[PDB]
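This text opens with one protein chain seen in two forms, each one given by itself as structure tokens under the names structure 1 and structure 2.
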Structure 1
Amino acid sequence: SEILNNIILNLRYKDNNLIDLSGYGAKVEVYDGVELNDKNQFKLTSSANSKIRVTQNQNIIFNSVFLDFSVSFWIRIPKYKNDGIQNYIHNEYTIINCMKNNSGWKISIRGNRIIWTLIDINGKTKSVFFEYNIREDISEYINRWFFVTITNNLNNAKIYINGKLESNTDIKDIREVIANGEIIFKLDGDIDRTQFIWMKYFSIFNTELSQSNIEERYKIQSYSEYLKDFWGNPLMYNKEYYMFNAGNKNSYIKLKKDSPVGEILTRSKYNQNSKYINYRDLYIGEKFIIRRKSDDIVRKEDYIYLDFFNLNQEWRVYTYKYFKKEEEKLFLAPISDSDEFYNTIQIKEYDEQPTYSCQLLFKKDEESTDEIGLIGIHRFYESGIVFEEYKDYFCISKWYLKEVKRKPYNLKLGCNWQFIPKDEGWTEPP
């Protein structure tokens, strides 16, 4: 119950609605423009009716000496529009505002920066923010779910991202801040018509949360029986996905021309000459689809078939049953029965820390406890008549079997995969 101490507002999904489960009974009014789902996610758009109003229980008591409280929530911010970089970088918009008599707090966003602002009764202001890079090949934050926690005490305001301290601002100068006014969740500013934000698990505490307490809540809220996709949403059966490899982030799978194997190519990247932004393309390579062996949620330990689309037909990923080396090239072919190929894969999650990566274990039989190997990427010698050249191939490897047991789990292992479905928050026009 550690992560339930001092909680004074806990918004949770219930019957197609959002309700305060803090135990203090705050009134919550979600207007028709807010999209909600049973995974506790809610979307704020640019529509005028896309808003939530929370009226706090006025009997709640706050620290009278100094501002001693914390706010936490998960958020997913869409990628910038390539042809709208300037507005992205410059236009700041409020997403959550709690003001009373011109005093209070607010959470706002300017491009790739998330901002926390406090205004005391004298009108004095202070802010602290977290900005993520927008020039990396692959970002851990753009359009992906991440955990935010802001804490305030007598001396400073801190921002923790995914359980870790990222920013701090001294606020010893700030005097009384009125924090019990109405909370308005709504995009406010000069925003594009297509702008939107997803949020989840919004909570407020009347105390400064410790780093230990914050890291703990991160893990508890990251926990689920099901696997997640690249953006952090639940992984699904019967859904098209591109594949990403954590150990070779700039690599993607492509069916080799005239050969039933998967070769690994290099991800292309942003063309247009904008020194402000850089990224590698995500929607490339073969389109895969996970099928249940037996639209659902793919859970750890499930037995599946990893299929993909090859010219108007659904194909499948197989492993030869008798390769004699440590690792071998996977066989990518039509769906059919065979004596010499395994097609059953058990999807796993070996990491004990929050992750969006999963592993693919080929099984002889669902029943047999025998382990054939894990799917990964390996460099194969393609020695040609002239001289020997090498090339990476989509493979099965027995070497990962032992490595995945080492603790702490190695996040960079080549057997770590992520699934990327097309998402409205990530657009990559040529």
Structure 2
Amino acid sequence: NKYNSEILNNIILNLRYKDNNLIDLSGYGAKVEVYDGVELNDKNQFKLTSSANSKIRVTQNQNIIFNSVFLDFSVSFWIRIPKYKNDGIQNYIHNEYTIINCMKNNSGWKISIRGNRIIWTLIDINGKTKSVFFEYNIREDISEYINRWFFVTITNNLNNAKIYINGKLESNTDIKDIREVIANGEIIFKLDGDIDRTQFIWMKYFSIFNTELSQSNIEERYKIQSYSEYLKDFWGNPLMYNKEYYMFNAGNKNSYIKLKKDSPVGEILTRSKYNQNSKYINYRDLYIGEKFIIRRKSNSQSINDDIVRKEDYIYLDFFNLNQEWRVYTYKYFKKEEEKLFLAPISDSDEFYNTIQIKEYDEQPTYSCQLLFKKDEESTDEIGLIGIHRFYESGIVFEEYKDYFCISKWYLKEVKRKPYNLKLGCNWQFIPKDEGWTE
């Protein structure tokens, strides 16, 4: 409809990937210099490292007779900040480093990071300062932010500086007392401060607007830049085939899958937690439970790797001590839910092995759903993969226990609006990542 141009309104700088480089497609033609230390890929993601040559310099229109200033302006971008090093806590919490700086005659703005806090700073013509920040908890079991791509938007008008995270307002600072801010300085993208040589930042879709973006407009941009045909992993990157993944359940965040001893089923256990005793941090381990791997079903030709897309037909396997086993459901079960069947790769006609990976959520998410159908062409849906607490009435036992299950119930629950985010049928895949050490 070319009606999707709405999120381009008032844009004055739009950094985009093009021919192994970054260029401003705003139409105002800013000069962009990307140095050799900046890693760039087609997916619009760029990485800033500790290297001196890891920087980006953007030059804007020069102001000859008068000073160029902003009244209302906004800054948009996605970012992924790696988790702190357990052995480098002090440096993480105390050393602030600039990631992006835009100033001329000591006036302008900048974005800096101090540990788990992202900071927006304004400096007027007098040197007067004002800051608004977003800090995410580092003592939480499962963080929605640490080492995961998330959307940032900072808007400014003459009275308030607001920080929006993932389309929602998180912080606000009264800036009425701050004066004019020089806006045409060079914009330097580069890590600057006393940082660990291993520190890095990933950023994507950096843009500036010469207006105060509305929440409504920010939400739409959030939705549009979150949209993709491929599914994503726990970190927000594209989901792939033939890649080792630990499985996470949105509905039961502190649980993981473990092949139950002496059984062909997966039991659900509680995640181990940070063992040391730092008073600053806490988290549940993520690299635990069975190591799963997604294999392409339909047309399996020399599968070495690749991207998983919505509606793809797959095989959900996992390694049982070097051997690659598979996840199945019995073609027959009468309970509302039953235990999934874990076993070697076979063609048995006693159970279903084909899964279709879906996305029932209409809003941005990194979760997906796993559905077993009679077959690819059939519309008879068997059930969705999830977690359910069964009742093990032993002759003396009398105990309830969580199992990796399939459920007929979910099939109707995923239909309810708004889409249920708390469902135990929402999964996320976690691959080892340099940004997360435990």
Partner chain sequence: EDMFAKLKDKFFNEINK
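The term rigid core refers to the most C-alpha atoms you can superpose between the two forms while keeping them within 1.5 Å. Counting starts at 1 and follows the sequence of structure 1.
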Quiz prompt | Structure number, where the criterion is the form solved without the partner chain | solution = 2
Practice problem: With the two forms aligned on their rigid core, point out which item of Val30, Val404, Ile372, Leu67 shifts its C-alpha by 2 Å or more between the two structures. | Solution: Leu67
Quiz item: Against the rigid core, is the Cα displacement of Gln58 between the two structures at least 2 Å?
Solution: yes
Quiz prompt | Shift of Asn49 between the two structures at or above 2 Å (CA, core fit) | solution = no
Quiz prompt | After superposing on the core, C-alpha shift for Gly384 between the two structures in angstrom | solution = 2.5
Quiz item: What's the distance in angstrom the Cα of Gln195 travels between the two structures, core superposed?
Solution: 0.3
